[PDB]
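S.K.: upload-v3.txt (compact mmCIF, C-alpha atoms and all ligand atoms) pasted underneath:
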# COMPACT_ATOMS: atom_id res chain seq x y z
CA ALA A 11 6.72 -25.07 5.58
CA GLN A 12 4.89 -22.56 7.75
CA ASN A 13 1.56 -21.08 6.50
CA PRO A 14 1.33 -23.24 3.37
CA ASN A 15 -2.14 -21.97 2.41
CA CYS A 16 -0.74 -18.36 2.43
CA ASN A 17 -3.31 -16.98 4.84
CA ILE A 18 -3.09 -13.47 6.14
CA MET A 19 -1.71 -13.67 9.69
CA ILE A 20 -2.51 -11.31 12.54
CA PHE A 21 0.05 -10.58 15.23
CA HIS A 22 -0.27 -9.21 18.75
CA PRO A 23 3.27 -8.32 19.90
CA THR A 24 3.84 -7.52 23.55
CA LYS A 25 5.44 -4.21 24.49
CA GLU A 26 8.75 -6.01 24.85
CA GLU A 27 8.45 -7.63 21.43
CA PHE A 28 7.61 -4.15 19.97
CA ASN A 29 11.07 -2.79 20.69
CA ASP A 30 13.09 -4.32 17.95
CA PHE A 31 11.36 -3.79 14.57
CA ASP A 32 13.72 -5.90 12.43
CA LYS A 33 13.61 -8.78 14.89
CA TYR A 34 9.78 -8.82 14.87
CA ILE A 35 9.60 -8.83 11.05
CA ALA A 36 11.98 -11.76 11.03
CA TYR A 37 9.79 -13.50 13.65
CA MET A 38 6.66 -13.00 11.58
CA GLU A 39 8.44 -14.50 8.57
CA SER A 40 9.59 -17.48 10.73
CA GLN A 41 5.86 -18.17 11.21
CA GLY A 42 5.20 -17.96 7.41
CA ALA A 43 3.54 -14.52 7.40
CA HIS A 44 5.18 -13.44 4.19
CA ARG A 45 3.60 -16.24 2.24
CA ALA A 46 0.30 -14.29 2.25
CA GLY A 47 1.90 -11.07 0.93
CA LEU A 48 0.28 -9.08 3.77
CA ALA A 49 0.14 -9.29 7.61
CA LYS A 50 -1.67 -7.29 10.26
CA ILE A 51 0.10 -6.15 13.44
CA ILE A 52 -2.02 -4.97 16.38
CA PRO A 53 0.23 -2.81 18.64
CA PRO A 54 0.37 -3.57 22.40
CA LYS A 55 -2.21 -1.74 24.44
CA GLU A 56 0.51 0.41 26.09
CA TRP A 57 1.58 1.93 22.74
CA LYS A 58 0.40 5.04 20.97
CA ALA A 59 1.52 6.80 17.79
CA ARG A 60 0.95 10.28 19.22
CA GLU A 61 -1.18 11.90 21.94
CA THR A 62 -4.09 13.19 19.86
CA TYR A 63 -5.17 13.90 16.30
CA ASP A 64 -6.96 17.13 17.31
CA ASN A 65 -4.46 19.46 15.62
CA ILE A 66 -3.99 18.05 12.04
CA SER A 67 -6.50 20.17 10.13
CA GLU A 68 -3.97 22.65 8.82
CA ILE A 69 -1.85 20.06 6.98
CA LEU A 70 -2.06 20.91 3.24
CA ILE A 71 -3.01 18.51 0.54
CA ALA A 72 -1.29 20.41 -2.31
CA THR A 73 -2.58 18.15 -5.08
CA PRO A 74 -5.74 16.19 -4.26
CA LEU A 75 -6.41 13.54 -6.86
CA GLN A 76 -9.91 12.78 -8.30
CA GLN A 77 -9.95 9.13 -9.18
CA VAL A 78 -11.97 8.74 -12.39
CA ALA A 79 -12.82 5.19 -13.45
CA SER A 80 -13.31 3.60 -16.90
CA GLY A 81 -14.41 0.05 -17.68
CA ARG A 82 -16.87 -2.29 -16.01
CA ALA A 83 -17.65 -2.64 -12.34
CA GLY A 84 -15.27 -5.47 -11.71
CA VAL A 85 -12.54 -4.62 -14.25
CA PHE A 86 -11.63 -0.95 -14.55
CA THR A 87 -8.82 1.52 -14.65
CA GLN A 88 -8.61 4.84 -12.89
CA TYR A 89 -6.84 8.05 -13.78
CA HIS A 90 -5.97 10.76 -11.43
CA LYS A 91 -7.26 14.25 -12.16
CA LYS A 92 -5.43 16.93 -10.23
CA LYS A 93 -7.60 19.29 -8.12
CA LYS A 94 -6.91 22.52 -6.36
CA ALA A 95 -5.11 22.44 -3.00
CA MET A 96 -7.01 22.09 0.17
CA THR A 97 -6.30 21.64 3.90
CA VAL A 98 -6.99 18.41 5.76
CA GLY A 99 -9.90 20.24 7.50
CA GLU A 100 -11.36 21.20 4.15
CA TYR A 101 -10.85 17.63 2.80
CA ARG A 102 -12.50 16.09 5.87
CA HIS A 103 -15.55 18.32 5.34
CA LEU A 104 -15.65 17.29 1.70
CA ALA A 105 -15.37 13.57 2.58
CA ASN A 106 -18.32 13.97 4.99
CA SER A 107 -20.51 15.82 2.47
CA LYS A 108 -23.60 14.20 1.03
CA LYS A 109 -21.87 13.76 -2.36
CA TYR A 110 -18.88 11.81 -0.92
CA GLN A 111 -19.87 10.30 2.42
CA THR A 112 -20.06 6.58 3.17
CA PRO A 113 -23.62 5.24 2.58
CA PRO A 114 -25.59 3.49 5.22
CA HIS A 115 -24.54 -0.07 5.55
CA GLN A 116 -24.89 -3.14 7.76
CA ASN A 117 -21.33 -4.26 8.21
CA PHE A 118 -17.99 -4.37 6.34
CA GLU A 119 -19.20 -7.10 3.99
CA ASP A 120 -22.24 -5.06 2.92
CA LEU A 121 -19.98 -2.03 2.34
CA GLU A 122 -17.59 -4.17 0.29
CA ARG A 123 -20.52 -5.29 -1.88
CA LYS A 124 -21.55 -1.71 -2.37
CA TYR A 125 -17.97 -0.67 -3.26
CA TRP A 126 -17.65 -3.25 -6.01
CA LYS A 127 -21.13 -2.63 -7.36
CA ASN A 128 -20.91 1.13 -7.47
CA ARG A 129 -17.31 2.39 -7.38
CA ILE A 130 -17.06 3.15 -11.09
CA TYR A 131 -20.03 5.52 -10.96
CA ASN A 132 -18.31 7.96 -8.67
CA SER A 133 -15.03 9.88 -8.66
CA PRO A 134 -13.76 10.17 -5.05
CA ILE A 135 -10.88 12.53 -4.18
CA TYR A 136 -7.72 11.01 -2.56
CA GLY A 137 -5.04 13.04 -0.68
CA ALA A 138 -2.30 10.59 -1.47
CA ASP A 139 1.36 10.54 -1.39
CA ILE A 140 2.05 13.58 0.94
CA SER A 141 5.61 13.56 2.33
CA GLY A 142 5.42 13.76 6.12
CA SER A 143 4.71 11.94 9.40
CA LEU A 144 2.16 11.95 12.21
CA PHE A 145 4.26 9.90 14.64
CA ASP A 146 5.37 11.83 17.71
CA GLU A 147 9.12 12.15 17.84
CA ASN A 148 9.00 10.61 21.27
CA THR A 149 7.34 7.39 20.02
CA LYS A 150 10.26 5.02 19.94
CA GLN A 151 8.57 1.79 18.80
CA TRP A 152 7.34 1.31 15.23
CA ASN A 153 7.76 4.95 14.40
CA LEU A 154 7.61 4.94 10.58
CA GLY A 155 9.78 8.08 10.39
CA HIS A 156 12.63 6.35 12.39
CA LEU A 157 13.10 3.12 10.55
CA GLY A 158 16.47 1.87 9.22
CA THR A 159 16.81 3.15 5.67
CA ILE A 160 16.78 0.99 2.54
CA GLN A 161 20.10 2.61 1.49
CA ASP A 162 21.65 1.50 4.77
CA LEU A 163 20.25 -2.02 4.34
CA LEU A 164 21.71 -2.28 0.82
CA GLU A 165 25.03 -1.03 2.18
CA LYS A 166 24.99 -3.46 5.07
CA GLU A 167 24.16 -6.45 2.85
CA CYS A 168 26.15 -5.69 -0.24
CA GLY A 169 28.84 -3.20 0.85
CA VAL A 170 27.99 -0.48 -1.64
CA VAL A 171 27.24 2.99 -0.37
CA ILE A 172 24.57 4.82 -2.36
CA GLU A 173 22.80 8.17 -2.48
CA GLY A 174 19.10 8.48 -1.63
CA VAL A 175 16.72 8.91 1.19
CA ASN A 176 13.66 7.03 2.52
CA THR A 177 10.82 9.08 4.13
CA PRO A 178 7.17 8.35 4.94
CA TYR A 179 4.04 9.41 3.17
CA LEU A 180 0.59 10.42 4.41
CA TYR A 181 -2.65 9.40 2.74
CA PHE A 182 -5.94 11.15 3.44
CA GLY A 183 -8.85 9.00 2.12
CA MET A 184 -12.58 9.08 1.71
CA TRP A 185 -15.24 6.58 0.76
CA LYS A 186 -14.37 4.71 -2.43
CA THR A 187 -10.81 6.05 -2.68
CA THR A 188 -8.92 3.23 -4.27
CA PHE A 189 -5.43 1.80 -4.46
CA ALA A 190 -4.86 -0.13 -7.65
CA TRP A 191 -3.19 -3.56 -7.94
CA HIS A 192 0.56 -3.19 -7.45
CA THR A 193 3.70 -4.38 -5.80
CA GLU A 194 6.07 -1.85 -4.25
CA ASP A 195 8.87 -0.11 -6.12
CA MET A 196 11.69 -2.61 -6.57
CA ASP A 197 9.36 -5.21 -4.88
CA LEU A 198 10.19 -3.67 -1.47
CA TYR A 199 8.21 -4.23 1.71
CA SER A 200 5.75 -1.61 2.81
CA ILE A 201 4.35 -0.79 6.23
CA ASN A 202 1.13 1.16 6.63
CA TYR A 203 -0.32 2.56 9.86
CA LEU A 204 -3.94 3.68 9.91
CA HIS A 205 -3.75 6.74 12.20
CA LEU A 206 -7.39 7.67 12.36
CA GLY A 207 -10.81 7.39 10.88
CA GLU A 208 -12.63 4.78 8.88
CA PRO A 209 -11.22 1.41 7.79
CA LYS A 210 -9.23 0.34 4.76
CA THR A 211 -10.01 -2.97 3.02
CA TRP A 212 -7.09 -4.81 1.43
CA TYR A 213 -6.81 -7.56 -1.15
CA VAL A 214 -3.52 -9.44 -1.66
CA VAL A 215 -2.05 -12.17 -3.87
CA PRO A 216 0.58 -14.47 -2.32
CA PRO A 217 4.07 -13.64 -3.72
CA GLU A 218 4.46 -17.17 -5.00
CA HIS A 219 1.41 -16.60 -7.21
CA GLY A 220 2.03 -13.08 -8.40
CA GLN A 221 2.65 -14.10 -11.99
CA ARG A 222 -0.94 -15.55 -12.09
CA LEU A 223 -2.27 -12.12 -11.37
CA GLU A 224 0.04 -10.59 -14.02
CA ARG A 225 -1.19 -13.04 -16.66
CA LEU A 226 -4.81 -12.24 -15.86
CA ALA A 227 -4.07 -8.54 -15.96
CA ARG A 228 -2.54 -8.86 -19.44
CA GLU A 229 -5.72 -10.65 -20.60
CA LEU A 230 -8.05 -8.07 -19.03
CA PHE A 231 -6.13 -4.96 -20.05
CA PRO A 232 -4.79 -6.01 -23.43
CA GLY A 233 -3.94 -2.49 -24.85
CA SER A 234 -2.10 -1.60 -21.67
CA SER A 235 -0.18 -4.82 -21.82
CA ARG A 236 0.98 -4.11 -25.39
CA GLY A 237 2.09 -0.66 -24.27
CA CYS A 238 4.26 -1.88 -21.42
CA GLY A 239 5.59 -5.24 -20.24
CA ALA A 240 5.12 -4.10 -16.57
CA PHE A 241 2.03 -1.96 -16.76
CA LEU A 242 0.87 -2.81 -13.24
CA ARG A 243 3.70 -0.48 -12.21
CA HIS A 244 1.45 2.32 -13.49
CA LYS A 245 -0.85 1.65 -10.55
CA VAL A 246 -4.12 2.17 -12.40
CA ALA A 247 -5.80 -1.26 -12.79
CA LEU A 248 -8.53 -2.75 -10.65
CA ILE A 249 -9.91 -6.27 -10.68
CA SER A 250 -12.64 -7.31 -8.24
CA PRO A 251 -12.62 -10.31 -5.94
CA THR A 252 -15.44 -11.81 -7.95
CA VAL A 253 -13.40 -11.61 -11.14
CA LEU A 254 -10.31 -12.99 -9.39
CA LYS A 255 -12.38 -15.97 -8.13
CA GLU A 256 -13.89 -16.56 -11.60
CA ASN A 257 -10.34 -16.78 -12.97
CA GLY A 258 -8.92 -18.98 -10.22
CA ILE A 259 -6.46 -16.36 -8.89
CA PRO A 260 -5.38 -17.07 -5.33
CA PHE A 261 -5.96 -14.10 -3.02
CA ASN A 262 -7.01 -13.04 0.44
CA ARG A 263 -8.74 -10.03 1.94
CA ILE A 264 -8.74 -8.23 5.29
CA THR A 265 -9.96 -4.96 6.73
CA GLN A 266 -7.53 -2.68 8.63
CA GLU A 267 -8.93 -0.45 11.35
CA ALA A 268 -7.55 2.66 12.98
CA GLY A 269 -4.64 1.87 15.27
CA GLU A 270 -3.46 -1.13 13.25
CA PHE A 271 -0.39 -1.73 11.10
CA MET A 272 -0.25 -3.67 7.87
CA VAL A 273 2.97 -4.98 6.32
CA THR A 274 3.17 -5.91 2.67
CA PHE A 275 5.92 -8.34 1.71
CA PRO A 276 8.18 -8.36 -1.37
CA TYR A 277 6.26 -9.09 -4.55
CA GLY A 278 2.90 -9.25 -2.68
CA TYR A 279 0.41 -7.66 -5.08
CA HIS A 280 -2.21 -5.64 -3.23
CA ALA A 281 -5.19 -3.38 -3.88
CA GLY A 282 -7.98 -1.90 -1.80
CA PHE A 283 -10.28 0.89 -0.80
CA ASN A 284 -11.12 3.26 2.04
CA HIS A 285 -14.46 3.10 3.88
CA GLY A 286 -14.72 6.79 4.69
CA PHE A 287 -12.55 9.69 5.87
CA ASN A 288 -9.21 8.42 7.15
CA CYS A 289 -5.55 9.08 7.41
CA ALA A 290 -2.76 6.49 6.88
CA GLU A 291 1.03 6.73 6.91
CA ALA A 292 3.21 4.36 4.93
CA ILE A 293 6.83 3.82 3.98
CA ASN A 294 8.89 1.26 2.11
CA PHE A 295 11.57 -0.79 3.89
CA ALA A 296 13.95 -3.64 3.22
CA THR A 297 15.41 -6.65 4.99
CA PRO A 298 18.11 -9.08 3.92
CA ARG A 299 15.49 -11.31 2.36
CA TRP A 300 14.37 -8.48 0.05
CA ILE A 301 17.67 -8.29 -1.86
CA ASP A 302 16.89 -11.23 -4.11
CA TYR A 303 13.46 -9.78 -4.90
CA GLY A 304 14.98 -6.41 -5.73
CA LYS A 305 17.36 -8.04 -8.20
CA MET A 306 14.46 -9.75 -10.03
CA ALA A 307 11.85 -6.92 -9.87
CA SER A 308 10.17 -5.99 -13.10
CA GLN A 309 10.46 -2.66 -14.36
CA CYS A 310 8.36 -0.16 -16.40
CA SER A 311 10.56 1.60 -19.02
CA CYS A 312 7.64 3.07 -21.12
CA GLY A 313 7.65 6.35 -19.24
CA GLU A 314 4.44 5.98 -17.35
CA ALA A 315 5.59 4.80 -13.92
CA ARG A 316 7.90 7.76 -13.02
CA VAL A 317 9.28 7.31 -9.48
CA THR A 318 11.46 8.80 -6.80
CA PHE A 319 15.02 9.84 -6.96
CA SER A 320 16.10 7.01 -4.69
CA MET A 321 15.05 4.21 -7.06
CA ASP A 322 17.89 5.13 -9.39
CA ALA A 323 20.56 3.58 -7.20
CA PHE A 324 18.53 0.46 -6.57
CA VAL A 325 18.23 -0.21 -10.32
CA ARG A 326 21.82 0.81 -10.97
CA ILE A 327 23.31 -1.54 -8.41
CA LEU A 328 20.85 -4.45 -8.39
CA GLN A 329 19.87 -4.44 -12.08
CA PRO A 330 22.76 -2.96 -14.08
CA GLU A 331 21.66 -4.69 -17.34
CA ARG A 332 18.24 -2.97 -17.10
CA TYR A 333 19.56 0.38 -15.94
CA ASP A 334 20.05 2.21 -19.25
CA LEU A 335 16.57 1.30 -20.57
CA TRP A 336 14.87 2.09 -17.27
CA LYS A 337 16.64 5.47 -16.94
CA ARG A 338 15.49 6.41 -20.49
CA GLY A 339 11.93 5.78 -19.19
CA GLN A 340 12.65 8.16 -16.34
CA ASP A 341 13.85 10.94 -18.82
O1 LIG B 401 -3.13 3.18 1.56
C1 LIG B 401 -3.01 3.28 0.29
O2 LIG B 401 -3.68 4.05 -0.47
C2 LIG B 401 -1.99 2.50 -0.47
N1 LIG B 401 -0.97 1.89 0.43
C3 LIG B 401 -0.14 0.97 0.03
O3 LIG B 401 -0.16 0.48 -1.15
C4 LIG B 401 0.88 0.45 0.95
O4 LIG B 401 0.90 0.84 2.14
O5 LIG B 401 1.73 -0.31 0.43
MG MG B 402 -2.50 21.14 11.36
NI NI B 403 1.51 -0.54 -1.64
ZN ZN B 404 5.11 1.33 -18.34
Would you mind writing the structure in this file as structure tokens?
Ligand SMILES: O=C(O)CNC(=O)C(=O)O
Ligand SMILES: [Mg+2]
Ligand code: NI
Ligand SMILES: [Zn+2]
M.R.:
Amino acid sequence: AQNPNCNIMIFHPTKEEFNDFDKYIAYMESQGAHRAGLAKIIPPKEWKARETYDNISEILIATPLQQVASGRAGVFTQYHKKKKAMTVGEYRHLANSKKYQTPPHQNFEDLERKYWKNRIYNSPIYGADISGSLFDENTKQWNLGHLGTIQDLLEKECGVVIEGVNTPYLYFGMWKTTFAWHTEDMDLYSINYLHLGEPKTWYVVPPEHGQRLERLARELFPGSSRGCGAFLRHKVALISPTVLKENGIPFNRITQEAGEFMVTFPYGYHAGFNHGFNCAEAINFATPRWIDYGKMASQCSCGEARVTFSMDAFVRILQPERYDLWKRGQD
């Protein structure tokens, strides 16, 4: 078995290997990459996402989210308070202000220490989940707006044609902006490209050990667990590496820098934080190997998770027994 310790693997495809996206994902899996839940892909030196980032300031962040924490430093939830709209230029200025800017630090490890010590005492503002793309239309390789759609994959594998669409999302971050522990909708893959700015630190639990994280989460968030049998789908709970280690949960960590891709694999729980002002683009995707994960994915039916239009068909076709309860949660 390849990669039996479930380490995060880093790949350096050549320009020729960067042509065929599906083929390269299957290659990475042949080397055991998926066992970690997360892989890094460094593009060939010849590649670029677009020519420059000099003209992005007028993008609108219609609903910036202030991420307010509750709990203790290593075990907390966050809720998202909606703020007034602002442009990317306005948000960048805000991220760089004395109130929000990255503190002085020695290296990524020192910054990570500072994050976990101090995150809860601040409420950073995240421009998350903005439909759109920063890839140039002429970028033919690993262009996250030109991937094969999940609806087409389901139709290719299973023969059933379904409604729905699959488009990317932009994320504008600042210091301490946080992504809570989660797997993707329907335990899909994700791919995330860090277009510009400061790094993003990731934590990940191997898919084969995801239920260990779920059992810890139920212990640490016991009211939430009584409320919903899949409350990590709410995407609000944080648990620090120190607490994971104290409880014997297998995990790994890595820092993504600008110009790098990360892929999360089906049922790979992940969480993390941004180091300073940045912009990422991410989208969900599927492969043949996903289908079995999609059929077994947990679902939130309590009403909290509320998701896209296109998840309806995935539940309806892959999980018909669960469909009626899940759809009630959507309505
Ligand atoms: O970058 C973020 O805030 C969150 N991203 C992801 O969870 C992802 O790409 O799957
Ligand atoms: Mg602009
Ligand atoms: Ni994710
Ligand atoms: Zn729920």
S.K.: Give me, as a list in words, the set of residues whose atoms come within 6 Å of any atom of ligand ZN 404 (chain B), counting only C-alpha atoms and all ligand atoms.
M.R.: residues 238, 240, 241, 310, 311, 312, 313, 314 and 315 of chain A
S.K.: One number please: CA of residue 172 in chain A to CA of residue 337 in chain A, in Å, one decimal.
M.R.: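 Between these atoms lies a distance of 16.6 Å.
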S.K.: Given the choices A:164, A:273, A:190, A:70, which gets closest to residue 248 in chain A if the distance is worked out from all atoms listed in the file?
M.R.: A:190
S.K.: Counting only C-alpha atoms and all ligand atoms, which residues in chain A sit no more than 7 Å from ligand MG 402 (chain B)? For each one, give the nearest pair of atoms and the distance in Å, sorted by chain then residue number, as CSV.
M.R.:
residue,atom,partner,partner_atom,distance
A:65,CA,B:MG402,MG,5.0
A:66,CA,B:MG402,MG,3.5
A:67,CA,B:MG402,MG,4.3
A:68,CA,B:MG402,MG,3.3
A:69,CA,B:MG402,MG,4.6
S.K.: Report as a Markdown table: every residue of chain A with an atom at most 12 Å from ligand NI 403 (chain B), its closest pair of atoms, and their distance in Å to one decimal, counting all atoms listed in the file, with rows sorted by chain and ascending residue number.
M.R.:
| residue | atom | partner | partner_atom | distance |
| --- | --- | --- | --- | --- |
| A:47 | CA | B:NI403 | NI | 10.8 |
| A:48 | CA | B:NI403 | NI | 10.2 |
| A:138 | CA | B:NI403 | NI | 11.8 |
| A:139 | CA | B:NI403 | NI | 11.1 |
| A:179 | CA | B:NI403 | NI | 11.3 |
| A:181 | CA | B:NI403 | NI | 11.6 |
| A:188 | CA | B:NI403 | NI | 11.4 |
| A:189 | CA | B:NI403 | NI | 7.8 |
| A:190 | CA | B:NI403 | NI | 8.8 |
| A:191 | CA | B:NI403 | NI | 8.4 |
| A:192 | CA | B:NI403 | NI | 6.5 |
| A:193 | CA | B:NI403 | NI | 6.1 |
| A:194 | CA | B:NI403 | NI | 5.4 |
| A:195 | CA | B:NI403 | NI | 8.6 |
| A:196 | CA | B:NI403 | NI | 11.5 |
| A:197 | CA | B:NI403 | NI | 9.7 |
| A:198 | CA | B:NI403 | NI | 9.2 |
| A:199 | CA | B:NI403 | NI | 8.4 |
| A:200 | CA | B:NI403 | NI | 6.2 |
| A:201 | CA | B:NI403 | NI | 8.4 |
| A:202 | CA | B:NI403 | NI | 8.5 |
| A:212 | CA | B:NI403 | NI | 10.1 |
| A:213 | CA | B:NI403 | NI | 10.9 |
| A:214 | CA | B:NI403 | NI | 10.2 |
| A:242 | CA | B:NI403 | NI | 11.8 |
| A:243 | CA | B:NI403 | NI | 10.8 |
| A:245 | CA | B:NI403 | NI | 9.5 |
| A:272 | CA | B:NI403 | NI | 10.2 |
| A:273 | CA | B:NI403 | NI | 9.2 |
| A:274 | CA | B:NI403 | NI | 7.1 |
| A:275 | CA | B:NI403 | NI | 9.6 |
| A:276 | CA | B:NI403 | NI | 10.3 |
| A:277 | CA | B:NI403 | NI | 10.2 |
| A:278 | CA | B:NI403 | NI | 8.9 |
| A:279 | CA | B:NI403 | NI | 8.0 |
| A:280 | CA | B:NI403 | NI | 6.5 |
| A:281 | CA | B:NI403 | NI | 7.6 |
| A:282 | CA | B:NI403 | NI | 9.6 |
| A:283 | CA | B:NI403 | NI | 11.9 |
| A:290 | CA | B:NI403 | NI | 11.8 |
| A:291 | CA | B:NI403 | NI | 11.2 |
| A:292 | CA | B:NI403 | NI | 8.4 |
| A:293 | CA | B:NI403 | NI | 8.9 |
| A:294 | CA | B:NI403 | NI | 8.5 |
| A:295 | CA | B:NI403 | NI | 11.5 |
S.K.: Of the candidates A:31, A:21, A:203, A:185, which one gets nearest to residue 297 in chain A if we count only C-alpha atoms?
M.R.: A:31
S.K.: Under the rule that only C-alpha atoms and all ligand atoms are counted, which of A:326, A:210, A:205, A:58 is the nearest residue to ligand LIG 401 (chain B)?
M.R.: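 Ranking A:326, A:210, A:205, A:58 by distance to ligand LIG 401 (chain B), first place goes to A:210.
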S.K.: Under the rule that all atoms listed in the file are counted, which of A:256, A:208, A:224, A:173 is the nearest residue to residue 327 in chain A?
M.R.: A:173
S.K.: Around all the atoms of ligand LIG 401 (chain B) listed in the file, draw an axis-aligned box and extend it by 4 Å on each of the six sides; I want its centre and edge lengths in Å to one decimal, as AutoDock Vina command-line options.
M.R.:
--center_x -1.0 --center_y 1.9 --center_z 0.5 --size_x 13.4 --size_y 12.4 --size_z 11.3
S.K.: By how many Å are CA of residue 259 in chain A and CA of residue 237 in chain A apart?
M.R.: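 Pair CA of residue 259 in chain A / CA of residue 237 in chain A returns 23.6 Å.
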S.K.: In the coordinate frame of the file, compute which residues have an atom within 6 Å of (8.6, 9.5, 13.4) when using only C-alpha atoms, and state them as a VMD selection string.
M.R.: chain A and resid 145 to 147 153 to 156
